[PDB]
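Working notes, structure below.
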Amino acid sequence: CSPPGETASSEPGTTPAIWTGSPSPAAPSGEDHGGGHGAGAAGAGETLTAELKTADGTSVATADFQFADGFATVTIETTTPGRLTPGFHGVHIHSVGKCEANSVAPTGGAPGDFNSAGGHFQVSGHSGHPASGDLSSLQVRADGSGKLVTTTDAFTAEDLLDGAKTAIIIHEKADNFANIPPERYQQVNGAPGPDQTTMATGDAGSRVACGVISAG
Amino acid sequence: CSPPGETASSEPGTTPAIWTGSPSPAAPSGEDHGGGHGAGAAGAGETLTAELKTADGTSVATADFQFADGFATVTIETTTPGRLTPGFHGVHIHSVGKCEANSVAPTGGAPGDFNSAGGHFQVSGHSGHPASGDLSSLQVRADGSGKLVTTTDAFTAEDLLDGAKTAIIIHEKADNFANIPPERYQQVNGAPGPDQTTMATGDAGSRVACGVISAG
Amino acid sequence: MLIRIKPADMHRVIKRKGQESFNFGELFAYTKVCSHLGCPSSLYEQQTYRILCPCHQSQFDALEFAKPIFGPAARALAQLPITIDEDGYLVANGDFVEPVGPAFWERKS
Amino acid sequence: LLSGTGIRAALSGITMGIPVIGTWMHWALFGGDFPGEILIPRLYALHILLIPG
Amino acid sequence: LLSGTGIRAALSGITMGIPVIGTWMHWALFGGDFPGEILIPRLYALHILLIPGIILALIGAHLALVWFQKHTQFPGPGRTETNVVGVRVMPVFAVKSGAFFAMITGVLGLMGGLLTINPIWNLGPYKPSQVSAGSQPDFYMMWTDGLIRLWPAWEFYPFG
Amino acid sequence: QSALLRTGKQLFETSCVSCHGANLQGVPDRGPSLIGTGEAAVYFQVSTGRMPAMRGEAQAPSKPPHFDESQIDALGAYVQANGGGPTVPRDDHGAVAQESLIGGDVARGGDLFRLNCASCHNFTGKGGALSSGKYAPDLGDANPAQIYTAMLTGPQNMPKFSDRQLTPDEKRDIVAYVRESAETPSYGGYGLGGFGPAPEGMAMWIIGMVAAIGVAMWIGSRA
Ligand SMILES: CC(C)=CCC/C(C)=C/CC/C(C)=C/CC/C(C)=C/CC/C(C)=C/CC/C(C)=C/CC/C(C)=C/CC/C(C)=C/CC/C(C)=C/CC1=C(C)C(=O)c2ccccc2C1=O
Ligand SMILES: CC(C)=CCC/C(C)=C\CC/C(C)=C/CC/C(C)=C/CC/C(C)=C/CC/C(C)=C/CC/C(C)=C/CC/C(C)=C/CC/C(C)=C\CC1=C(C)C(=O)c2ccccc2C1=O
Ligand SMILES: CCCCCCCCCCCCCCCC(=O)O[C@H](COC(=O)CCCCCCC[C@@H](C)CCCCCCCCC)COP(=O)(O)O[C@H]1[C@H](O)[C@H](O)[C@H](O)[C@@H](O)[C@@H]1O
Ligand SMILES: CCCCCCCCCCCCCCCC(=O)O[C@H](COC(=O)CCCCCCC[C@@H](C)CCCCCCCCC)COP(=O)(O)O[C@H]1[C@H](O)[C@H](O)[C@H](O)[C@@H](O)[C@@H]1O
Ligand SMILES: CCCCCCCCCCCCCCCC(=O)O[C@H](COC(=O)CCCCCCC[C@@H](C)CCCCCCCCC)COP(=O)(O)O[C@H]1[C@H](O)[C@H](O)[C@H](O)[C@@H](O)[C@@H]1O
Ligand code: HEC
Ligand code: FES
Numbered sequence: 021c022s023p024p025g026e027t028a029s030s031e032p033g034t035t036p037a038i039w040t041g042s043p044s045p046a047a048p049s050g051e052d053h054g055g056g057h058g059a060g061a062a063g064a065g066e067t068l069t070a071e072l073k074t075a076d077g078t079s080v081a082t083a084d085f086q087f088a089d090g091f092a093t094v095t096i097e098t099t100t101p102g103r104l105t106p107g108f109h110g111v112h113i114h115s116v117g118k119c120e121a122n123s124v125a126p127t128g129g130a131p132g133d134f135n136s137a138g139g140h141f142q143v144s145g146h147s148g149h150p151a152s153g154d155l156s157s158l159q160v161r162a163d164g165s166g167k168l169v170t171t172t173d174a175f176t177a178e179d180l181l182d183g184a185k186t187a188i189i190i191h192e193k194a195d196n197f198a199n200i201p202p203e204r205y206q207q208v209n210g211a212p213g214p215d216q217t218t219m220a221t222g223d224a225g226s227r228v229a230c231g232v233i234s235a236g
Numbered sequence: 021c022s023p024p025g026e027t028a029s030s031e032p033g034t035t036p037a038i039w040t041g042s043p044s045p046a047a048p049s050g051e052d053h054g055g056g057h058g059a060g061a062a063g064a065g066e067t068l069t070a071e072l073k074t075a076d077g078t079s080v081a082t083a084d085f086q087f088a089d090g091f092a093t094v095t096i097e098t099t100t101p102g103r104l105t106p107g108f109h110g111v112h113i114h115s116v117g118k119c120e121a122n123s124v125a126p127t128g129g130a131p132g133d134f135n136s137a138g139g140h141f142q143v144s145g146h147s148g149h150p151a152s153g154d155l156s157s158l159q160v161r162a163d164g165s166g167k168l169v170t171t172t173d174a175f176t177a178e179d180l181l182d183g184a185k186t187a188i189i190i191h192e193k194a195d196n197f198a199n200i201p202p203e204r205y206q207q208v209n210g211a212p213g214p215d216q217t218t219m220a221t222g223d224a225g226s227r228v229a230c231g232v233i234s235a236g
Numbered sequence: 313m314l315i316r317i318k319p320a321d322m323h324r325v326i327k328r329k330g331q332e333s334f335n336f337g338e339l340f341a342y343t344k345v346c347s348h349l350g351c352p353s354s355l356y357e358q359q360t361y362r363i364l365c366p367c368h369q370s371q372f373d374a375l376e377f378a379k380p381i382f383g384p385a386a387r388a389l390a391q392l393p394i395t396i397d398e399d400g401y402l403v404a405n406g407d408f409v410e411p412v413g414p415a416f417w418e419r420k421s
Numbered sequence: 165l166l167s168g169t170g171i172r173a174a175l176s177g178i179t180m181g182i183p184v185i186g187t188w189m190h191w192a193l194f195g196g197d198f199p200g201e202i203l204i205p206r207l208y209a210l211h212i213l214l215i216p217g
Numbered sequence: 165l166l167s168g169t170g171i172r173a174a175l176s177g178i179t180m181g182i183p184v185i186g187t188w189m190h191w192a193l194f195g196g197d198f199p200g201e202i203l204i205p206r207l208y209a210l211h212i213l214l215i216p217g218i219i220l221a222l223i224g225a226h227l228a229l230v231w232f233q234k235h236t237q238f239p240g241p242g243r244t245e246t247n248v249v250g251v252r253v254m255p256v257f258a259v260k261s262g263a264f265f266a267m268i269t270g271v272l273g274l275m276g277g278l279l280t281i282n283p284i285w286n287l288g289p290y291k292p293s294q295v296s297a298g299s300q301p302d303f304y305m306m307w308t309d310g311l312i313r314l315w316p317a318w319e320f321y322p323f324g
Numbered sequence: 072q073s074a075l076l077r078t079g080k081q082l083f084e085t086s087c088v089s090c091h092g093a094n095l096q097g098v099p100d101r102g103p104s105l106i107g108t109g110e111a112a113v114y115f116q117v118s119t120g121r122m123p124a125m126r127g128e129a130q131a132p133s134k135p136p137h138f139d140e141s142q143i144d145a146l147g148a149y150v151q152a153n154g155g156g157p158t159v160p161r162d163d164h165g166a167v168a169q170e171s172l173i174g175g176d177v178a179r180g181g182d183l184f185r186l187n188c189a190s191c192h193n194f195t196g197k198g199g200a201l202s203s204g205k206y207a208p209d210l211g212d213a214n215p216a217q218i219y220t221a222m223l224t225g226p227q228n229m230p231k232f233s234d235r236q237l238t239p240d241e242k243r244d245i246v247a248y249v250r251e252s253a254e255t256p257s258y259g260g261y262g263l264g265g266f267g268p269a270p271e272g273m274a275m276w277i278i279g280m281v282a283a284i285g286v287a288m289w290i291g292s293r294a
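Below you can see the structure in the form of structure tokens.
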């Protein structure tokens with residue numbers, strides 16, 4: 021005898037859909053978690069990346085910062101061999117995470133990659149000295165690469181998940197912060213003090229790179 | 021009969037010395053890798069730490085710099101909970117690695133933790149803009165901790181392995197780099213240009229911390 | 313056994329009921345275990361598309377659903393539903409619609 | 165490989181084939197599915213002590 | 165644990181202490197050092213086929229000898245050195261021997277049920293580092309073990 | 072506690088100053104000094120009853136306790152205050168912990184028991200013999216606190232297992248194994264004690280062999 025079920029001339033069939041497996045409820049009691057951190061907020065974890073793009077959509081760089089044991093470890097890799105010219109660049113933390121080509125939160129000229137809602141994205145309770153709103157610099161040689169670290173922890177994983185997504189914006193200046201003290205140097209109006217705009221955050225020409233730190 | 025060798029009352033003995041195990045020879049030649057890196061010099065590897073201490077002999081920060089996949093993946097953590105005040109400490113890379121309390125390489129005033137042989141330790145072929153020697157402001161809030169990184173790779177492990185050991189020195193300034201442009205701001209002498217001392221490297225008051233990056 | 317049917321010969325394929333969409337394009341996954349006494353049927357012959365079993369010399373026509381066209385076997389080899397997941401790796405799109413090993417009393421129901 | 169495939173064919177297949185008690189005989193002999201972890205010890209006993217006796 | 169400790173004591177130590185060939189017998193029995201990977205398979209062969217086969221052959225010889233060298237008897241009224249006074253095999257002896265076999269196997273089954281023997285689950289797996297305080301063999305080897313215990317630690321050390 | 076210390080002192084002064092001299096220093100050749108023994112040692116020893124000891128012999132035997140839990144705690148607190156040392160575990164309320172000392176893992180507890188405890192006690196915590204009149208007692212009477220404190224303070228000719236040597240988790244696992252092996256019913260019949268060869272051989276020779284010989288005497292004819 022022939023087996024009861026055989027042969028199907030009609031119903032040609034269809035191409036199988038792309039498989040989308042489901043997380044294991046049986047094997048895993050809960051949901052597997054990756055990076056571990058205190059995360060004193062809605063939850064960010066010990067894994068946070070970001071891609072800083074250019075005005076034309078090119079990837080200027082790729083940053084990544086995450087908390088491990090209460091101190092945020094970070095690192096940035098150059099996205100292109102010649103993203104930065106043979107000089108220096110100043111990286112600052114901007115409260116507004118929109119890494120747009122050009123935007124202006126206040127009523128005024130919209131600088132390139134100037135979506136920040138002010139200067140350095142300081143802490144909520146800190147608005148004086150240069151708090152975590154200022155990041156480490158990016159010095160590019162003829163090679164044109166970026167890899168270096170500092171110790172900037174005025175904000176933590178908890179503060180990172182603020183009301184609005186933050187960003188890292190790199191302009192093309194060095195790191196001085198009114199290095200000309202009032203004893204010798206003088207201002208435009210004759211006062212020996214520094215400039216408020218310069219002290220608030222690293223101010224330079226048109227922004228070179230900008231990347232949202234909301235797990236971009 | 022009884023065993024030939026027994027009962028040595030004399031020669032009370034001595035306390036065994038601390039065991040110093042020899043490395044496994046070609047037989048068990050297997051050993052853990054110390055870190056892969058380009059190492060364009062005598063050899064540094066993908067592992068290098070350092071402790072930035074204060075003038076009182078106490079550790080302030082603990083930096084770590086090492087190439088991972090051709091770019092330095094660095095990280096810095098504050099070694100004390102009250103090292104940096106509520107503000108931005110300006111980091112920089114000094115060519116001279118001696119993290120002395122106060123020294124002056126040239127003939128002049130010896131600033132605290134001023135052992136650097138100049139401003140920012142740029143590359144050998146680069147001495148203009150703020151190359152990898154320069155660094156921006158890392159912020160420590162009322163918590164007093166520092167952990168945040170950037171992309172500053174004008175140099176590499178080969179460049180770090182230079183003739184003289186380098187150091188990471190944190191002064192008490194932010195990163196602006198003449199944020200007041202010549203269009204509006206003016207200097208002491210009336211020239212709209214910036215200061216060479218401020219442009220070469222981040223100039224500030226007395227240095228806060230300094231640590232040799234020669235695997236300190 | 314995952315076999316790649318030639319595109320030219322893809323037009324000779326005859327599919328089983330409930331197994332028409334099992335193949336992923338020109339990839340067909342058939343159990344190696346022979347439907348008769350369960351030896352692997354590893355001897356795949358291309359340009360004939362015949363999966364031969366060495367234990368008792370039974371051929372299964374891979375082009376058609378892997379039905380035995382010679383030898384002691386009388387039931388077709390179970391066809392695994394296959395597809396590609398994310399990243400393009402081959403994954404099973406389900407389970408065999410029939411018991412896959414050699415037949416036994418409590419079968420075909 | 166040879167003897168194992170021979171066992172798989174003859175013993176396992178023809179035992180499972182038997183209509184009313186085939187699968188039960190297979191499970192009793194192999195203590196489970198075909199590659200049950202008692203098959204060769206059982207055959208060793210049968211072959212060195214029981215059948216030779 | 166218990167039986168492996170017994171093996172380590174007797175089979176290993178006694179065998180390996182024998183002067184001229186002790187270590188050679190030990191290594192040839194164990195296929196090398198004491199925990200050699202063939203000891204239990206070798207003992208399994210010896211215990212299911214080899215030694216029981218010899219025991220069966222010798223029991224056959226024993227019973228055949230008793231059968232054809234008629235069973236001896238105690239002195240009695242009609243019992244002499246040239247006769248066997250008793251009961252014939254068929255009616256009485258056979259039935260009573262079968263009944264005795266039934267009763268003996270009943271005693272053995274009752275004791276297998278009601279009395280616990282060798283709780284290996286309690287006795288963990290053999291590990292050279294582990295041991296108990298009992299460390300005894302079955303009652304038939306208990307006399308050898310007792311000889312080991314009692315003998316007063318007399319060791320001789322010839323030239324090297 | 073002040074009153075607890077006072078009660079411990081009063082019990083000590085009329086119980087043991089003859090052999091653990093007042094000031095807790097030991098009487099030379101009658102008893103050791105109790106400085107550093109701790110509360111755990113006092114709890115285990117007095118609760119097992121060994122300490123109201125009325126002879127110097129190979130080993131101090133167990134016996135009914137001479138003090139109730141409150142007096143045991145008083146004596147332990149007094150000794151701990153005087154010397155300072157290991158403390159008996161306690162539960163949330165404050166009573167000596169019994170169920171909290173049952174470690175979750177029993178296979179690990181059994182492995183540790185065999186490596187460390189069975190060395191002298193038994194495979195399953197029955198007793199064992201020692202050099203000269205000493206013996207490791209059966210553990211089936213000991214309660215979890217008693218087992219834990221026995222490990223914590225080597226009572227007598229028993230190695231002292233510190234928390235570093237056997238983390239309290241390991242001791243809890245060992246306690247779980249001890250209680251489980253003690254309270255577990257013998258599968259397969261009456262476990263004749265816990266010693267296999269000797270009780271099994273005696274039971275053979277007495278139960279099976281007398282049955283066989285009596286049946287043979289019934290079947291056969293004396294002559
Ligand atoms: C090397 C060696 C034999 C050294 C000497 C050790 C030894 C056997 C000493 C004797 C043991 C005894 C009898 C101790 C009691 C104290 C003593 C010596 C009293 C004086 C003896 C005397 C002259 C008494 C007057 C009349 C008399 C002879 C009475 C003897 C009394 C007894 C105990 C008789 C029966 C013999 C007996 C049970 C001896 C112990 C031997 C063994 C191996 C018991 C086995 C056994 C054990 C050990 C269990 O734990 C167990 C647990 C659960 C179920 C079953 C059993 C079991 O069967
Ligand atoms: C969970 C589980 C597996 C449980 C089972 C446990 C297990 C694995 C095995 C045990 C199970 C079994 C099968 C138990 C029963 C064993 C068995 C065969 C018992 C038989 C006893 C019985 C049922 C008697 C019924 C009462 C009755 C009517 C008796 C008269 C008729 C019978 C049965 C006669 C038998 C005669 C008999 C014992 C023959 C034995 C044959 C042999 C090996 C030798 C004969 C023989 C004998 C017996 C001598 O005494 C002798 C003395 C001197 C010289 C020579 C001889 C000699 O040759
Ligand atoms: C050492 C081991 C020795 C053996 C001892 C142990 C043997 C125990 C066997 C009895 C156990 C119960 C049988 C279980 C299994 C069973 O047998 O199937 C039954 C079958 O009854 C029927 O209707 C069949 C009759 C109707 C058809 C008429 C056929 C006539 C044939 C037999 C003539 C040819 C005979 C030729 C002989 C050739 C001999 C060759 C040498 C129906 O299924 P069921 O009882 O509900 O069991 C469910 C599973 O079917 C279900 O797949 C599963 O999912 C479970 O749910 C399970 O519970
Ligand atoms: C299933 C297996 C059955 C056995 C078959 C196989 C047996 C083969 C045995 C022969 C093989 C060669 C022996 C090797 C081993 C050997 O036996 O040792 C020799 C010993 O010759 C001597 O001088 C001894 C005589 C001088 C003292 C006088 C003593 C009298 C005594 C014996 C009286 C008591 C007897 C009582 C009997 C009680 C019986 C108990 C029931 C000297 O050493 P050597 O041959 O150089 O071997 C070196 C190793 O010693 C070395 O430790 C190693 O490092 C290697 O270098 C190795 O090559
Ligand atoms: C004739 C065929 C019949 C054979 C006897 C079969 C008896 C079956 C009994 C019922 C089924 C099995 C019960 C198994 C449950 C069970 O095991 O039974 C123990 C009891 O145990 C004892 O004390 C013994 C009590 C006395 C009665 C039994 C005595 C029978 C002996 C005499 C038979 C052998 C013959 C030897 C002859 C001797 C004379 C030689 C000249 C009871 O618990 P326990 O008492 O608390 O055990 C303590 C753990 O708790 C605790 O941790 C642990 O540490 C221990 O202390 C443990 O004892
Ligand atoms: C021979 C070394 C030795 C080892 C190792 C040892 N014990 Fe003991 N144990 C003894 C001795 C001896 C005593 C009796 C102390 C006394 O009576 O003062 C004892 C007492 C005890 C008691 C008290 C029982 C009672 O009822 O009084 C328990 C429970 C116990 N041991 C369990 C253990 C545990 C748990 C371990 C952990 C591995 C262990 N033993 C390891 C020898 C040992
Ligand atoms: S075993 Fe494959 S056809 Fe028979």
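Chains as they are written, first to last, in the UniProt record's numbering: chain X, 21 to 236; chain G, 21 to 236; chain Y, 313 to 421; chain U, 165 to 217; chain V, 165 to 324; chain S, 72 to 294.
Positions of the beta carbon are idealized from the N, C-alpha and C atoms, including for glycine.
Looking at the structure shown, is residue i part of a helix, part of a strand, or coil, going by DSSP?
i         : result
Y:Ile-315 : strand
Y:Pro-380 : strand
X:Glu-31  : coil
Y:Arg-387 : coil
Would you list the residues sitting across from residue i in a DSSP beta bridge?
i         : result
G:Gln-159 : G:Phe-108
G:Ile-190 : G:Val-111 and G:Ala-229
Against chain U, does residue i count as a neighbour if the rule is that its beta carbon must be under 8 angstroms from one of theirs?
i         : result
Y:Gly-383 : no
Closer than 8 angstroms, CB to CB, is residue i near chain S or not?
i         : result
V:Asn-282 : yes
Legend entry - Heavy atoms of ligand 3 versus C-beta positions, residues under 6 angstroms: Y:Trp-417, Y:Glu-418, U:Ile-182, U:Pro-183, U:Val-184, U:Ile-185, U:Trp-188, U:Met-189 and U:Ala-192
Legend entry - chain G contacts from the segment 289-323 of chain V (Cβ-Cβ distance under 7 angstroms): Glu-319, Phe-320 and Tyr-321
Legend entry - Members of the segment 339-350 of chain Y that neighbour chain U once the beta carbon cut-off is set at 8 angstroms: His-348, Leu-349 and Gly-350
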